[PDB]
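Peer 1: structure for this input, please:
(one chain, ligands or ions: 1)
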Amino acid sequence: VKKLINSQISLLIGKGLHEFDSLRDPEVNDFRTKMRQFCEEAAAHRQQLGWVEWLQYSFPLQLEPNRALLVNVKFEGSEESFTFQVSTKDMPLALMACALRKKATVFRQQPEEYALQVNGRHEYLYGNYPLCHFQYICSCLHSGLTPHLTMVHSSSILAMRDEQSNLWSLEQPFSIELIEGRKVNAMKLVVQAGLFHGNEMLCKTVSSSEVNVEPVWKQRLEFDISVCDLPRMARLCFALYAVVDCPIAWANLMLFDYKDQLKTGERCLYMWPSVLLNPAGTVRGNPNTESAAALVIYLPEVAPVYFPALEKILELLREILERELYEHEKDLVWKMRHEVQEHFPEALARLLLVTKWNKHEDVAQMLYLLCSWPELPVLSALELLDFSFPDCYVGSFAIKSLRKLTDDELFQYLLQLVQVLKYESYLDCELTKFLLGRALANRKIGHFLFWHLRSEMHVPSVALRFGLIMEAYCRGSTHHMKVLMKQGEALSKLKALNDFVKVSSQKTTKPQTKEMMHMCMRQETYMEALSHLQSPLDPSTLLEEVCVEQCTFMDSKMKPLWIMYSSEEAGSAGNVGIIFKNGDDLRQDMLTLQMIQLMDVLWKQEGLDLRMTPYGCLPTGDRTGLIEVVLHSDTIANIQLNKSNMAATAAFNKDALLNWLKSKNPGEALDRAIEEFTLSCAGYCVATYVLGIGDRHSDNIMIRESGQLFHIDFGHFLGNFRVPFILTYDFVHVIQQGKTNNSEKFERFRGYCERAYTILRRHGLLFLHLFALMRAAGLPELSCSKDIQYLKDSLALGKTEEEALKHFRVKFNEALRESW
Ligand SMILES: Cn1nc(-c2cnc(N)c(-c3ccc(C(N)=O)cc3)n2)nc1C1(c2ccccc2)CC1
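Peer 2: Numbers count the residues shown, from 1 in each chain. Dropping the coordinates below:
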């Protein structure tokens, strides 16, 4: 049984557990055991929770940030359903009471014992919340569809729970002996050394003696910093390059081991290739020992030298600048450091940036202020997670402050908290403990944590860290491990099926290619693997029976698969589809869609609903991911083709979109579609401007039959080819109800763009803090300060609300000027 679990994890994580043992590392071995225990302890607490508390794990409530409606309800062991006229203000218990009141008349005779399951979905309806607050009910009101729910008893939820069971005395300066190398290049070679505490230096960078292109230096390189002054999170960064400048390779390492002891003596560093000094990069060597260039160094002995315990550390014009700074200004903040904790605790970040980390006595005083520092708000704590604040206790302080995070707020920032793991120095950290703990406390969190980690196993620098985390998770959840295995098996067949489609497309016609996709899918192994799975894009969405006859592929370069599903239990709710893309990177798209999804949350938090389409996007592997099918939608280009035999026969190209909406929304339905279009058009106008999405043609802009506009293929963001505001004549025509002159509908639309832009500006720091944590991701279009600077300009944070709104009106008028 124990062997089975081991081999099952290996396949799921895509890296055999034998590999972890084959390294024979104490850090790897200590992580695996300490975390297994923590995960198994968390699995035990889960097995004793109540049936309602279990639902909070297995099926977390999807909640939104008077008027009666028709609702259909049925029981578990029957087909007979009941239709009720219940209000939006009604609690699920009142609906549960109605279901038991209409059962007592049919069966001829307590709501607290039940839970309402969503038909063919891993979503539930429970708690003291009105029906209209539920995301499932809320969607059914706008679309007009009838909600289908199932009455599930406490004993059946408990049946699910059971079947799912498992020192300062060192005044000498710092030095290293740069022995030899084992590189290959074609000139002289220099080795640059630097001591770092985050993004900034501890002492000036020292270069080596110029040696010709297997080189031997054998030189002791000294640094302008004492051994006793060296902070706990001190990083020794190297850069091997060639000069007559050409970068070859880079390599960094911690001065203290995971056991806090200062490192001595000999070390072989397997260097990572280059594009000069990179402090952000990993502290572990290139696992390609076969072809990786080595850097042999010696750490001169001082004798055990463990870093001092916290008890030893603890024993040892102002307001105007508080809204990059001069030296006198930095001294001022360090001078009145006690007054900062008392009156401005939220300014901790600026105080942590001015402290001299290269002076151990300044660090001790700072840590004493930190150990009595009151809990920072989630927002302020998100800034502390950045590489700018590397200290272990500072990292611990951020986690401690982030513990107040809701499962809904954590789901919005999970991607950033996963990418921040790349900044980490040691395997066992306060972040991983938090990420694993929250994952084993909420199944939806654990689902996305796994997928964010898995999709990056192909990246060698994070393959060891992520593989170890996923292993620990599977110890804490054996059932979910088997659930995610079904998802991994489905994605395996999809890659093979797509590989055939890519070959076939270059050899024969699409009708014959599509027919041989169906033949490949209708095979037992394909049929079984591609069916009855939780959607990796959303665990609550169940992809049951695969609708092979409706499966096709897209005509774009990498031939993306179009996989449709069907459900008996759900009906129309189970008529969901997925897109399997292979060959392109879906990381930027995921990022852009999460940023757009947040804007929509922040708009709904101020009352405004701009009818945004936050369709799922998830990279699942090596240039491989999934995209959620937006049903009953089409591109501007496919709508504007003005093809014959169709109900939308337009005379002018501007009338194409409006005529399309006329056939899809008749008479009194068209009026709703225009407002749906106008709000989404306004929503995406601000979103694309703020995020800086360029090259927006008719092929990457889509419309829903409801009128709703959305954007696809986010290939280039942050104006990385500055981009202006975009307005199309075809859209203004739809907004103005199909009239050449209608200022009333245009000014009401101009009001939506203004309201949306002003809201975002207030949360402008939130977008900055998250995009800065996303610099860790290694995205080619988000790697420097000039990328982050785009938002500070597009949102205009430095200016006031009156100046920023006026400057926005300047950009909006230029978009209408460019509009023919
Ligand atoms: C009908 N219909 N619907 C959609 C569609 C729906 N929801 C989506 N989320 C996407 C999408 C999103 C992002 C990317 C990307 N990351 O680039 C790609 C696609 N597309 N597409 C088609 C069309 C189609 C043609 C042939 C076969 C199948 C379909 C007519 C174009």
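
Peer 1: from here on, contacts and neighbour counts on C-alpha atoms
Peer 2: Fine.

Peer 1: close to the ligand: what parts of the stretch 701-820 of the chain are there?
Peer 2: 712-713 (C-alpha under 6 Å from any ligand atom).

Peer 1: show me the strands in the stretch 701-820 of the chain, by range?
Peer 2: 701-704, 709-711 (DSSP state E, counting those that start in this stretch).

Peer 1: highest mean neighbour count out of those strands?
Peer 2: strand 709-711 (a mean of 24; mean count of other C-alpha atoms under 10 Å).

Peer 1: what sits up against it?
Peer 2: With contact meaning C-alpha atoms under 8 Å, 6 or more residues apart in numbering, strand 709-711 is reached by 612-613, 677, 680-681, 684, 700-703.

Peer 1: ok, 10 Å please
Peer 2: Residues from elsewhere that reach strand 709-711 (C-alpha atoms under 10 Å, 6 or more residues apart in numbering): 593, 611-615, 630, 633-636, 676-684, 688, 693, 696, 698-704, 731.

Peer 1: still on that earlier bit, nearest to residue 394, of the strands of the stretch 701-820 of the chain?
Peer 2: Closest approach to residue 394 among the strands of the stretch 701-820 of the chain is made by strand 709-711 (39.5 Å; C-alpha to C-alpha).

Peer 1: pull up the pairing partners for the closest one, direction included.
Peer 2: With DSSP bridges as the test, strand 709-711 is paired with strand 701-704 (antiparallel).

Peer 1: so how far is the partner strand off the chain centroid?
Peer 2: In terms of C-alpha atoms, centre = their mean, to the nearest Å, the centre of strand 701-704 is found 24 Å from the chain centre.

Peer 1: just stretch 613-628 next, same as before
Peer 2: Distance, stretch centre to chain centre, for stretch 613-628: 11 Å (C-alpha atoms, centre = their mean).

Peer 1: same deal with stretch 610-621?
Peer 2: Chain-centre distance of stretch 610-621: 11 Å, with C-alpha atoms, centre = their mean.

Peer 1: ditto for stretch 526-545
Peer 2: Counting by C-alpha atoms, centre = their mean, stretch 526-545 comes out at 22 Å from the chain centroid.

Peer 1: SS state for the residue nearest to the spatial centre of the chain?
Peer 2: Among the residues of the chain, the one closest to the centroid is residue 415, at 2.4 Å (C-alpha atoms, centre = their mean). With DSSP: H, G, I helix; E, B strand; the rest coil as the basis, residue 415 sits in helix.

Peer 1: that one touches residue 773, doesn't it?
Peer 2: Yes - at 9.4 Å, residue 415 counts as touching residue 773 under the criterion of C-alpha atoms under 10 Å.

Peer 1: how about the closest residue to residue 153 other than its chain neighbours, phi and psi?
Peer 2: Leaving aside its sequence neighbours, residue 153 sits nearest to residue 114 (C-alpha to C-alpha, 6 or more residues apart in numbering; 4.5 Å). For residue 114, the backbone dihedrals are phi -100, psi 170 (criterion: degrees, to the nearest 10).

Peer 1: could you shift the numbering so residue one becomes 39, and keep it that way?
Peer 2: With 39 as the first residue, the last one maps to residue 152.

Peer 1: residue 152 contacts residue 196, correct?
Peer 2: No - using C-alpha under 10 Å, residue 152 makes no contact with residue 196, being 11.7 Å away.

Peer 1: show me the common contact partners of these two, please.
Peer 2: 89-90.

Peer 1: more crowded one of these two?
Peer 2: residue 152 (24 against 18; other C-alpha atoms under 10 Å).

Peer 1: now the more buried one: how far from the ligand?
Peer 2: 36 Å (C-alpha to the nearest ligand atom, to the nearest Å).

Peer 1: kindly report the same for residue 306.
Peer 2: From residue 306 to the ligand the distance is 43 Å (C-alpha to the nearest ligand atom).

Peer 1: and residue 149, by the same measure?
Peer 2: On the measure of C-alpha to the nearest ligand atom, residue 149 and the ligand end up 39 Å apart.

Peer 1: wait, isn't that residue in contact with residue 133?
Peer 2: Yes - the pair residue 149 / residue 133 is scored as a contact, 8.7 Å apart, by C-alpha under 10 Å.

Peer 1: which of those two has more residues huddled nearby?
Peer 2: Taking other C-alpha under 10 Å, residue 149 and residue 133 do not tie; residue 133 has more neighbours (20 against 17).

Peer 1: residue contacts, that one?
Peer 2: Each residue near residue 133 by C-alpha under 10 Å, 6+ apart is listed here: 109, 111, 122-125, 139, 149, 154, 169.

Peer 1: between all of those, which two are separated the most?
Peer 2: So, the contacts of residue 133 by C-alpha to C-alpha: farthest apart are 139 and 169, at 18.9 Å.

Peer 1: that older thread, turn the strands of the stretch 739-858 of the chain into a markdown table, including distance to residue 56.
Peer 2: Shown next, in a markdown table, are the strands of the stretch 739-858 of the chain (distance: least, C-alpha to C-alpha, whole Å):
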| stretch | distance to residue 56 |
| --- | --- |
| strand 739-742 | 48 |
| strand 747-749 | 45 |
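
Peer 1: OK, contacts around the residue nearest to the centre of the chain?
Peer 2: Residue 453 makes contact with 486-487, 490-491, 628-629, 632, 808, 811-812, 815 under the criterion C-alpha under 10 Å, 6+ apart.

Peer 1: look up the closest residue to residue 596, ignoring the ones flanking it.
Peer 2: Counting by C-alpha to C-alpha, 6+ apart, residue 596 lies nearest to residue 621, which is 6.0 Å off, once chain neighbours are set aside.

Peer 1: and residue 280, what helix or strand is that in?
Peer 2: strand 273-281 (DSSP states H and E).

Peer 1: neighbouring strands for the helix or strand following that strand, and are they parallel or not?
Peer 2: Helices and strands here follow DSSP H and E; after strand 273-281, the next one along the chain is strand 284-292. Strand 284-292 has the following sheet partners, assigned by DSSP bridges: strand 273-281 (antiparallel), strand 310-311 (antiparallel).

Peer 1: winner for burial among the ones you listed?
Peer 2: Buried most deeply of the strands paired with strand 284-292, by mean count of other C-alpha under 10 Å, is strand 273-281, with a mean of 21.

Peer 1: got the CA positions of that one in CSV?
Peer 2: Provided in CSV are the C-alpha atoms of strand 273-281 (Å, rounded to 0.1, in the frame of the first residue of the first chain):
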residue,chain,number,x,y,z
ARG,A,273,24.0,35.9,-0.4
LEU,A,274,27.3,35.5,-2.2
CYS,A,275,26.7,36.1,-6.0
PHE,A,276,29.1,35.2,-8.8
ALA,A,277,29.2,36.1,-12.5
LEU,A,278,31.7,34.4,-14.9
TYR,A,279,32.2,36.5,-18.1
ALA,A,280,34.5,37.1,-21.0
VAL,A,281,36.3,40.4,-21.9
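
Peer 1: mind listing the helices for the stretch 239-388 of the chain?
Peer 2: 348-353, 365-373, 375-381, 386-392 (DSSP state H, counting those that start in this stretch).

Peer 1: which other helices and strands does the second one contact?
Peer 2: Put plainly, it is helix 365-373. Contact partners of helix 365-373 among helices and strands, from 3 or more C-alpha pairs under 10 Å, 6 or more residues apart in numbering; DSSP states H and E: helix 375-381, helix 386-392.

Peer 1: ok, now with 8 Å
Peer 2: Secondary-structure packing of helix 365-373 (3 or more C-alpha pairs under 8 Å, 6 or more residues apart in numbering; DSSP states H and E): helix 386-392.

Peer 1: mind listing what's buried in the helix it packs on?
Peer 2: In terms of neighbour count (16 or more other C-alpha atoms under 10 Å), helix 386-392 has its buried residues at 386-387, 389-390, 392.

Peer 1: repeat for stretch 179-195
Peer 2: The neighbour-count check on stretch 179-195 (16+ other C-alpha under 10 Å) flags 185-191, 195 as buried.

Peer 1: now, the contacts of residue 133 that are in helices?
Peer 2: residue 139 (DSSP state H).

Peer 1: any of the contacts of residue 133 buried? List them.
Peer 2: Buried residues within those, counting neighbours by 16+ other C-alpha under 10 Å: 109, 111, 124-125, 149, 154, 169.
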